[PDB]
>>> print(open('structure-v2.tsv').read())   # TSV, N, CA, C and O atoms and all ligand atoms
chain	number	residue	atom	x	y	z
G	1	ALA	N	-41.27	-2.14	-42.58
G	1	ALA	CA	-40.76	-3.15	-41.65
G	1	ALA	C	-40.49	-2.48	-40.31
G	1	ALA	O	-40.56	-1.25	-40.20
G	2	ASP	N	-40.20	-3.30	-39.31
G	2	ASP	CA	-40.10	-2.84	-37.93
G	2	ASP	C	-38.75	-3.20	-37.25
G	2	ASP	O	-38.64	-4.18	-36.51
G	3	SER	N	-37.74	-2.36	-37.53
G	3	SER	CA	-36.44	-2.28	-36.82
G	3	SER	C	-36.36	-2.70	-35.38
G	3	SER	O	-35.46	-3.49	-35.02
G	4	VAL	N	-37.28	-2.19	-34.56
G	4	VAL	CA	-37.30	-2.45	-33.09
G	4	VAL	C	-37.63	-3.91	-32.86
G	4	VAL	O	-37.00	-4.58	-32.04
G	5	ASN	N	-38.63	-4.42	-33.58
G	5	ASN	CA	-38.95	-5.87	-33.49
G	5	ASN	C	-37.79	-6.69	-34.07
G	5	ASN	O	-37.41	-7.77	-33.54
G	6	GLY	N	-37.23	-6.19	-35.17
G	6	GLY	CA	-36.07	-6.83	-35.77
G	6	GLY	C	-34.90	-7.10	-34.80
G	6	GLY	O	-34.15	-8.08	-34.95
G	7	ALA	N	-34.68	-6.20	-33.87
G	7	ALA	CA	-33.68	-6.37	-32.80
G	7	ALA	C	-33.92	-7.68	-32.08
G	7	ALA	O	-33.03	-8.44	-31.85
G	8	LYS	N	-35.18	-7.94	-31.75
G	8	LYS	CA	-35.59	-9.10	-31.01
G	8	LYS	C	-35.37	-10.36	-31.87
G	8	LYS	O	-34.85	-11.35	-31.41
G	9	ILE	N	-35.80	-10.31	-33.12
G	9	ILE	CA	-35.61	-11.41	-34.03
G	9	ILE	C	-34.07	-11.65	-34.15
G	9	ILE	O	-33.58	-12.78	-34.22
G	10	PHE	N	-33.32	-10.57	-34.25
G	10	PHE	CA	-31.87	-10.71	-34.44
G	10	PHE	C	-31.24	-11.41	-33.24
G	10	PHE	O	-30.53	-12.39	-33.39
G	11	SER	N	-31.59	-10.97	-32.03
G	11	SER	CA	-31.03	-11.59	-30.83
G	11	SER	C	-31.30	-13.11	-30.70
G	11	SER	O	-30.38	-13.90	-30.36
G	12	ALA	N	-32.53	-13.51	-31.01
G	12	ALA	CA	-32.93	-14.93	-30.97
G	12	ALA	C	-32.44	-15.79	-32.13
G	12	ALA	O	-32.18	-16.98	-31.96
G	13	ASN	N	-32.25	-15.20	-33.32
G	13	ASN	CA	-31.95	-15.95	-34.54
G	13	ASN	C	-30.62	-15.71	-35.25
G	13	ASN	O	-30.22	-16.50	-36.11
G	14	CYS	N	-29.90	-14.66	-34.88
G	14	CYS	CA	-28.71	-14.25	-35.67
G	14	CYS	C	-27.51	-14.01	-34.82
G	14	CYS	O	-26.40	-14.19	-35.34
G	15	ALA	N	-27.70	-13.61	-33.56
G	15	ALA	CA	-26.63	-13.07	-32.78
G	15	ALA	C	-25.63	-14.15	-32.36
G	15	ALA	O	-24.50	-13.85	-32.01
G	16	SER	N	-26.04	-15.41	-32.42
G	16	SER	CA	-25.10	-16.49	-32.15
G	16	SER	C	-23.93	-16.45	-33.08
G	16	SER	O	-22.76	-16.73	-32.70
G	17	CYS	N	-24.19	-16.08	-34.32
G	17	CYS	CA	-23.10	-15.95	-35.27
G	17	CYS	C	-22.69	-14.54	-35.62
G	17	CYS	O	-21.61	-14.37	-36.16
G	18	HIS	N	-23.57	-13.56	-35.38
G	18	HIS	CA	-23.35	-12.21	-35.81
G	18	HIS	C	-23.43	-11.23	-34.62
G	18	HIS	O	-23.83	-10.04	-34.80
G	19	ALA	N	-22.96	-11.66	-33.43
G	19	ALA	CA	-23.01	-10.80	-32.28
G	19	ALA	C	-22.19	-9.54	-32.56
G	19	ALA	O	-21.11	-9.62	-33.17
G	20	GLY	N	-22.72	-8.38	-32.16
G	20	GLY	CA	-22.03	-7.12	-32.38
G	20	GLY	C	-21.99	-6.74	-33.87
G	20	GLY	O	-21.26	-5.86	-34.24
G	21	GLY	N	-22.77	-7.38	-34.71
G	21	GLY	CA	-22.62	-7.14	-36.15
G	21	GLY	C	-21.45	-7.79	-36.83
G	21	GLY	O	-21.15	-7.53	-38.00
G	22	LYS	N	-20.84	-8.72	-36.14
G	22	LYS	CA	-19.61	-9.37	-36.62
G	22	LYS	C	-19.94	-10.72	-37.24
G	22	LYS	O	-21.06	-10.92	-37.66
G	23	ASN	N	-18.96	-11.60	-37.36
G	23	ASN	CA	-19.23	-12.93	-37.88
G	23	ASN	C	-18.26	-13.89	-37.22
G	23	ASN	O	-17.09	-13.89	-37.52
G	24	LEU	N	-18.75	-14.60	-36.19
G	24	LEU	CA	-17.84	-15.28	-35.32
G	24	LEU	C	-17.04	-16.40	-36.04
G	24	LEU	O	-15.84	-16.59	-35.76
G	25	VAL	N	-17.72	-17.04	-37.00
G	25	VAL	CA	-17.20	-18.21	-37.71
G	25	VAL	C	-16.59	-17.86	-39.08
G	25	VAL	O	-15.87	-18.69	-39.62
G	26	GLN	N	-16.82	-16.65	-39.63
G	26	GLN	CA	-16.25	-16.29	-40.91
G	26	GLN	C	-16.01	-14.81	-40.85
G	26	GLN	O	-16.83	-13.99	-41.22
G	27	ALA	N	-14.87	-14.46	-40.29
G	27	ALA	CA	-14.62	-13.06	-39.92
G	27	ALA	C	-14.63	-12.03	-41.11
G	27	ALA	O	-14.85	-10.84	-40.92
G	28	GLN	N	-14.39	-12.52	-42.31
G	28	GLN	CA	-14.38	-11.72	-43.55
G	28	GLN	C	-15.72	-11.19	-43.92
G	28	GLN	O	-15.83	-10.18	-44.64
G	29	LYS	N	-16.77	-11.88	-43.49
G	29	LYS	CA	-18.13	-11.55	-43.89
G	29	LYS	C	-19.04	-11.11	-42.75
G	29	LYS	O	-20.02	-11.79	-42.36
G	30	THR	N	-18.79	-9.92	-42.26
G	30	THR	CA	-19.56	-9.37	-41.13
G	30	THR	C	-20.78	-8.59	-41.60
G	30	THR	O	-21.09	-8.55	-42.81
G	31	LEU	N	-21.50	-8.01	-40.64
G	31	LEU	CA	-22.66	-7.22	-40.93
G	31	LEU	C	-22.33	-5.77	-40.88
G	31	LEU	O	-23.23	-4.91	-40.98
G	32	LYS	N	-21.04	-5.44	-40.82
G	32	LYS	CA	-20.67	-4.04	-41.00
G	32	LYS	C	-20.95	-3.59	-42.40
G	32	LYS	O	-20.86	-4.36	-43.36
G	33	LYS	N	-21.22	-2.28	-42.51
G	33	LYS	CA	-21.64	-1.71	-43.76
G	33	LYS	C	-20.63	-2.02	-44.88
G	33	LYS	O	-21.04	-2.41	-45.99
G	34	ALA	N	-19.34	-1.82	-44.61
G	34	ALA	CA	-18.35	-2.03	-45.65
G	34	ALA	C	-18.32	-3.49	-46.17
G	34	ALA	O	-17.99	-3.76	-47.33
G	35	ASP	N	-18.53	-4.44	-45.30
G	35	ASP	CA	-18.55	-5.85	-45.70
G	35	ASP	C	-19.85	-6.19	-46.43
G	35	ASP	O	-19.80	-6.84	-47.47
G	36	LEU	N	-20.96	-5.66	-45.97
G	36	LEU	CA	-22.18	-5.84	-46.71
G	36	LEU	C	-22.02	-5.29	-48.12
G	36	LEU	O	-22.37	-5.97	-49.07
G	37	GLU	N	-21.47	-4.05	-48.27
G	37	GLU	CA	-21.24	-3.44	-49.58
G	37	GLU	C	-20.34	-4.32	-50.43
G	37	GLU	O	-20.56	-4.57	-51.64
G	38	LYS	N	-19.24	-4.74	-49.84
G	38	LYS	CA	-18.26	-5.59	-50.59
G	38	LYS	C	-18.91	-6.80	-51.20
G	38	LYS	O	-18.60	-7.16	-52.30
G	39	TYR	N	-19.86	-7.38	-50.50
G	39	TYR	CA	-20.49	-8.63	-50.94
G	39	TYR	C	-21.85	-8.44	-51.57
G	39	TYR	O	-22.56	-9.39	-51.83
G	40	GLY	N	-22.21	-7.20	-51.85
G	40	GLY	CA	-23.44	-6.92	-52.52
G	40	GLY	C	-24.65	-7.17	-51.68
G	40	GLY	O	-25.70	-7.47	-52.22
G	41	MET	N	-24.51	-6.98	-50.36
G	41	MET	CA	-25.55	-7.30	-49.39
G	41	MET	C	-26.09	-6.06	-48.71
G	41	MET	O	-26.88	-6.17	-47.75
G	42	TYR	N	-25.70	-4.88	-49.18
G	42	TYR	CA	-26.14	-3.68	-48.47
G	42	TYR	C	-27.49	-3.17	-48.99
G	42	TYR	O	-27.60	-2.11	-49.59
G	43	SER	N	-28.52	-3.99	-48.77
G	43	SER	CA	-29.90	-3.63	-49.12
G	43	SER	C	-30.86	-4.61	-48.41
G	43	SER	O	-30.49	-5.74	-48.08
G	44	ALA	N	-32.11	-4.19	-48.22
G	44	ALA	CA	-33.06	-5.02	-47.52
G	44	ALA	C	-33.37	-6.25	-48.39
G	44	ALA	O	-33.44	-7.37	-47.86
G	45	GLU	N	-33.47	-6.05	-49.70
G	45	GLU	CA	-33.80	-7.14	-50.59
G	45	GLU	C	-32.69	-8.18	-50.58
G	45	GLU	O	-32.95	-9.39	-50.55
G	46	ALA	N	-31.44	-7.74	-50.61
G	46	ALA	CA	-30.34	-8.70	-50.56
G	46	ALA	C	-30.35	-9.54	-49.25
G	46	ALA	O	-30.18	-10.73	-49.27
G	47	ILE	N	-30.55	-8.88	-48.12
G	47	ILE	CA	-30.49	-9.54	-46.80
G	47	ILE	C	-31.64	-10.54	-46.62
G	47	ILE	O	-31.43	-11.73	-46.23
G	48	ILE	N	-32.82	-10.09	-46.96
G	48	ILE	CA	-34.01	-10.90	-46.98
G	48	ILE	C	-33.73	-12.16	-47.78
G	48	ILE	O	-33.98	-13.25	-47.29
G	49	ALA	N	-33.21	-12.01	-49.00
G	49	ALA	CA	-32.90	-13.14	-49.86
G	49	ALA	C	-31.95	-14.14	-49.25
G	49	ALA	O	-32.26	-15.33	-49.23
G	50	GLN	N	-30.83	-13.63	-48.73
G	50	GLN	CA	-29.80	-14.44	-48.02
G	50	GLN	C	-30.34	-15.31	-46.86
G	50	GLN	O	-30.09	-16.50	-46.77
G	51	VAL	N	-31.07	-14.66	-45.98
G	51	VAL	CA	-31.70	-15.23	-44.79
G	51	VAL	C	-32.87	-16.19	-45.15
G	51	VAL	O	-33.18	-17.11	-44.40
G	52	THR	N	-33.60	-15.89	-46.23
G	52	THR	CA	-34.84	-16.62	-46.51
G	52	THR	C	-34.55	-18.00	-47.06
G	52	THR	O	-35.03	-18.99	-46.52
G	53	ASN	N	-33.82	-18.01	-48.15
G	53	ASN	CA	-33.54	-19.21	-48.91
G	53	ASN	C	-32.18	-19.74	-48.52
G	53	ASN	O	-31.83	-20.83	-48.92
G	54	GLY	N	-31.41	-18.96	-47.76
G	54	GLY	CA	-30.04	-19.32	-47.42
G	54	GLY	C	-29.17	-19.88	-48.56
G	54	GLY	O	-28.87	-21.07	-48.53
G	55	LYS	N	-28.74	-19.13	-49.58
G	55	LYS	CA	-27.71	-19.78	-50.45
G	55	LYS	C	-26.34	-19.40	-49.87
G	55	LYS	O	-26.26	-18.78	-48.79
G	56	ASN	N	-25.28	-19.86	-50.53
G	56	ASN	CA	-23.93	-19.85	-49.99
G	56	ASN	C	-23.88	-20.58	-48.65
G	56	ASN	O	-23.12	-20.18	-47.75
G	57	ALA	N	-24.66	-21.67	-48.56
G	57	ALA	CA	-24.77	-22.48	-47.34
G	57	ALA	C	-25.24	-21.70	-46.09
G	57	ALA	O	-24.99	-22.10	-44.94
G	58	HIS	N	-25.91	-20.58	-46.29
G	58	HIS	CA	-26.28	-19.73	-45.15
G	58	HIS	C	-27.48	-20.41	-44.50
G	58	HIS	O	-28.34	-20.98	-45.22
G	59	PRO	N	-27.59	-20.36	-43.17
G	59	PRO	CA	-28.89	-20.78	-42.58
G	59	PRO	C	-30.13	-20.16	-43.26
G	59	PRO	O	-30.15	-18.94	-43.54
G	60	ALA	N	-31.14	-20.98	-43.53
G	60	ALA	CA	-32.39	-20.55	-44.12
G	60	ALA	C	-33.47	-20.47	-43.04
G	60	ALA	O	-33.56	-21.35	-42.18
G	61	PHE	N	-34.25	-19.38	-43.06
G	61	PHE	CA	-35.19	-19.05	-41.98
G	61	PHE	C	-36.66	-19.09	-42.39
G	61	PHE	O	-37.53	-18.85	-41.56
G	62	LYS	N	-36.92	-19.42	-43.66
G	62	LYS	CA	-38.29	-19.51	-44.18
G	62	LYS	C	-39.16	-20.44	-43.29
G	62	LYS	O	-40.36	-20.20	-43.08
G	63	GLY	N	-38.55	-21.52	-42.80
G	63	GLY	CA	-39.21	-22.49	-41.95
G	63	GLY	C	-39.72	-21.90	-40.67
G	63	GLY	O	-40.88	-22.09	-40.33
G	64	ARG	N	-38.89	-21.10	-40.01
G	64	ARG	CA	-39.15	-20.68	-38.62
G	64	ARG	C	-39.47	-19.21	-38.45
G	64	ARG	O	-39.83	-18.81	-37.34
G	65	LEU	N	-39.32	-18.41	-39.50
G	65	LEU	CA	-39.66	-17.01	-39.43
G	65	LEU	C	-40.68	-16.66	-40.48
G	65	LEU	O	-40.66	-17.19	-41.59
G	66	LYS	N	-41.60	-15.76	-40.11
G	66	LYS	CA	-42.53	-15.23	-41.06
G	66	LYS	C	-41.87	-14.16	-41.89
G	66	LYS	O	-40.90	-13.56	-41.44
G	67	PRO	N	-42.41	-13.92	-43.10
G	67	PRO	CA	-41.88	-12.93	-44.01
G	67	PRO	C	-41.67	-11.61	-43.31
G	67	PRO	O	-40.61	-10.97	-43.47
G	68	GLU	N	-42.65	-11.24	-42.50
G	68	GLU	CA	-42.65	-9.94	-41.86
G	68	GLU	C	-41.49	-9.84	-40.87
G	68	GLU	O	-40.89	-8.80	-40.73
G	69	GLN	N	-41.21	-10.94	-40.17
G	69	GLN	CA	-40.08	-11.01	-39.26
G	69	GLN	C	-38.74	-10.96	-39.99
G	69	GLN	O	-37.76	-10.39	-39.50
G	70	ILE	N	-38.69	-11.57	-41.17
G	70	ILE	CA	-37.51	-11.47	-42.01
G	70	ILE	C	-37.32	-10.01	-42.45
G	70	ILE	O	-36.22	-9.47	-42.34
G	71	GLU	N	-38.38	-9.36	-42.94
G	71	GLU	CA	-38.28	-7.97	-43.25
G	71	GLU	C	-37.80	-7.16	-42.08
G	71	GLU	O	-36.93	-6.30	-42.24
G	72	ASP	N	-38.34	-7.44	-40.90
G	72	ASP	CA	-37.98	-6.72	-39.68
G	72	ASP	C	-36.51	-6.86	-39.33
G	72	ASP	O	-35.86	-5.85	-39.03
G	73	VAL	N	-35.96	-8.07	-39.36
G	73	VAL	CA	-34.54	-8.24	-39.02
G	73	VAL	C	-33.59	-7.61	-40.08
G	73	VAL	O	-32.50	-7.07	-39.76
G	74	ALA	N	-34.00	-7.67	-41.34
G	74	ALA	CA	-33.24	-6.99	-42.37
G	74	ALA	C	-33.16	-5.47	-42.14
G	74	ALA	O	-32.08	-4.89	-42.28
G	75	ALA	N	-34.27	-4.82	-41.74
G	75	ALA	CA	-34.23	-3.39	-41.50
G	75	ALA	C	-33.38	-3.08	-40.29
G	75	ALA	O	-32.59	-2.14	-40.29
G	76	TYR	N	-33.51	-3.91	-39.26
G	76	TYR	CA	-32.62	-3.84	-38.11
G	76	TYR	C	-31.18	-3.87	-38.51
G	76	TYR	O	-30.37	-3.01	-38.09
G	77	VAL	N	-30.82	-4.86	-39.31
G	77	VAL	CA	-29.41	-5.01	-39.69
G	77	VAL	C	-28.87	-3.76	-40.43
G	77	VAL	O	-27.74	-3.30	-40.18
G	78	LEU	N	-29.68	-3.21	-41.33
G	78	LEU	CA	-29.28	-2.08	-42.13
G	78	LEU	C	-29.10	-0.80	-41.29
G	78	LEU	O	-28.12	-0.11	-41.47
G	79	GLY	N	-30.00	-0.62	-40.31
G	79	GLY	CA	-29.95	0.44	-39.32
G	79	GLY	C	-28.72	0.38	-38.46
G	79	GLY	O	-28.01	1.38	-38.27
G	80	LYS	N	-28.43	-0.81	-37.97
G	80	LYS	CA	-27.25	-1.01	-37.21
G	80	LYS	C	-26.00	-0.74	-38.04
G	80	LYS	O	-25.09	-0.05	-37.59
G	81	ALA	N	-25.92	-1.32	-39.23
G	81	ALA	CA	-24.79	-1.10	-40.11
G	81	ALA	C	-24.53	0.41	-40.33
G	81	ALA	O	-23.41	0.89	-40.19
G	82	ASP	N	-25.57	1.16	-40.65
G	82	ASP	CA	-25.47	2.61	-40.77
G	82	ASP	C	-24.92	3.33	-39.55
G	82	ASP	O	-24.25	4.36	-39.70
G	83	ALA	N	-25.27	2.82	-38.37
G	83	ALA	CA	-24.77	3.31	-37.10
G	83	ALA	C	-23.46	2.65	-36.65
G	83	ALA	O	-23.01	2.80	-35.53
G	84	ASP	N	-22.81	1.90	-37.56
G	84	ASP	CA	-21.55	1.22	-37.24
G	84	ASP	C	-21.69	0.29	-36.02
G	84	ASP	O	-20.71	0.04	-35.31
G	85	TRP	N	-22.87	-0.34	-35.87
G	85	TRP	CA	-23.11	-1.29	-34.79
G	85	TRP	C	-22.74	-0.77	-33.41
G	85	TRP	O	-22.28	-1.53	-32.54
G	86	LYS	N	-22.91	0.54	-33.28
G	86	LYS	CA	-22.88	1.36	-32.05
G	86	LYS	C	-21.46	1.37	-31.56
G	86	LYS	O	-21.23	1.16	-30.37
H	101	LIG	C1	-24.39	-19.41	-38.21
H	101	LIG	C2	-24.94	-20.53	-37.72
H	101	LIG	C3	-25.20	-18.22	-38.61
H	101	LIG	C4	-26.44	-17.75	-38.20
H	101	LIG	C5	-27.36	-18.31	-37.13
H	101	LIG	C6	-26.79	-16.71	-39.10
H	101	LIG	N1	-25.75	-16.44	-39.91
H	101	LIG	FE1	-25.54	-14.89	-41.34
H	101	LIG	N2	-23.84	-15.58	-41.97
H	101	LIG	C7	-23.22	-16.70	-41.54
H	101	LIG	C8	-22.00	-16.98	-42.31
H	101	LIG	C9	-21.09	-18.16	-42.08
H	101	LIG	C10	-21.89	-16.01	-43.26
H	101	LIG	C11	-20.79	-15.80	-44.29
H	101	LIG	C12	-21.08	-16.73	-45.48
H	101	LIG	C13	-22.28	-16.20	-46.24
H	101	LIG	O1	-23.27	-16.89	-46.53
H	101	LIG	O2	-22.32	-14.99	-46.56
H	101	LIG	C14	-23.06	-15.15	-43.01
H	101	LIG	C15	-23.27	-14.03	-43.77
H	101	LIG	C16	-24.36	-13.25	-43.60
H	101	LIG	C17	-24.60	-12.05	-44.31
H	101	LIG	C18	-23.67	-11.46	-45.32
H	101	LIG	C19	-22.61	-10.73	-44.59
H	101	LIG	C20	-21.50	-10.22	-45.54
H	101	LIG	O3	-21.47	-10.64	-46.67
H	101	LIG	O4	-20.57	-9.48	-45.18
H	101	LIG	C21	-25.78	-11.53	-43.86
H	101	LIG	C22	-26.45	-10.26	-44.29
H	101	LIG	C23	-26.26	-12.40	-42.85
H	101	LIG	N3	-25.35	-13.39	-42.68
H	101	LIG	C24	-27.39	-12.19	-42.11
H	101	LIG	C25	-27.86	-13.01	-41.10
H	101	LIG	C26	-29.08	-12.81	-40.39
H	101	LIG	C27	-30.07	-11.69	-40.50
H	101	LIG	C28	-29.26	-13.87	-39.54
H	101	LIG	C29	-30.40	-14.28	-38.65
H	101	LIG	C30	-31.67	-14.23	-39.15
H	101	LIG	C31	-28.08	-14.72	-39.73
H	101	LIG	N4	-27.32	-14.14	-40.66
H	101	LIG	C32	-27.90	-15.88	-38.99
H	101	LIG	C33	-23.64	-17.51	-40.46
H	101	LIG	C34	-24.80	-17.38	-39.74
>>> encode(input="structure-v2.tsv", output="structure tokens", more="lines below")
Ligand code: HEC
Amino acid sequence: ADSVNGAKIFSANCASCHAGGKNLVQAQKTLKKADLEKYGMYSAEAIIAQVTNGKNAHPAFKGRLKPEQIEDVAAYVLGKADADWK
């Protein structure tokens, strides 16, 4: 997958709710590494799944994003989390 492209996908599709790796509307569930771990989301497969089909009422992106773009934003998210969202 492509982290750098994922940044772009993230800015257009995720950052409204997850700016800075945070969660503007549900502060308990951010994209920081510790919160991803807590919720069993610290993996590309988990993130892809969440974003694709959107369960837990999460926005679903299958309609508007290609698989490859979903893979890309997931790798982006994991990279950022590892870097503590800079
Ligand atoms: C609001 C309109 C959102 C947009 C757009 C996206 N996300 Fe989101 N995300 C949102 C909420 C309200 C929650 C918490 C409830 C839940 O379903 O988990 C989340 C959570 C996530 C998580 C899990 C974070 C954690 O458990 O700590 C991930 C990994 C996630 N969101 C990823 C993500 C991505 C990649 C997005 C764009 C493609 C995206 N979200 C958009 C709300 C909203």
>>> atom_distance(input="structure-v2.tsv", atom1="atom CA of residue 2 of chain G", atom2="atom N of residue 43 of chain G")
15.9 Å
>>> closest_residue(input="structure-v2.tsv", among="G:9, G:65, G:83, G:14", to="ligand LIG 101 (chain H)", atoms="only C-alpha atoms and all ligand atoms")
G:14
>>> residues_near_ligand(input="structure-v2.tsv", ligand="ligand LIG 101 (chain H)", cutoff="5 Å", atoms="only N, CA, C and O atoms and all ligand atoms", output="ChimeraX atom specification")
/G:13-14,17,28-31,35-36,39,47,55-56,58
>>> axis_aligned_box(input="structure-v2.tsv", around="segment 16-19 of chain G", padding_each_side="6 Å", output="AutoDock Vina command-line options")
--center_x -23.6 --center_y -13.1 --center_z -34.2 --size_x 16.9 --size_y 19.2 --size_z 16.0
>>> closest_residue(input="structure-v2.tsv", among="G:1, G:11, G:59, G:34", to="residue 81 of chain G", atoms="only C-alpha atoms")
G:34
>>> atom_distance(input="structure-v2.tsv", atom1="atom O of residue 6 of chain G", atom2="atom O of residue 73 of chain G")
5.2 Å
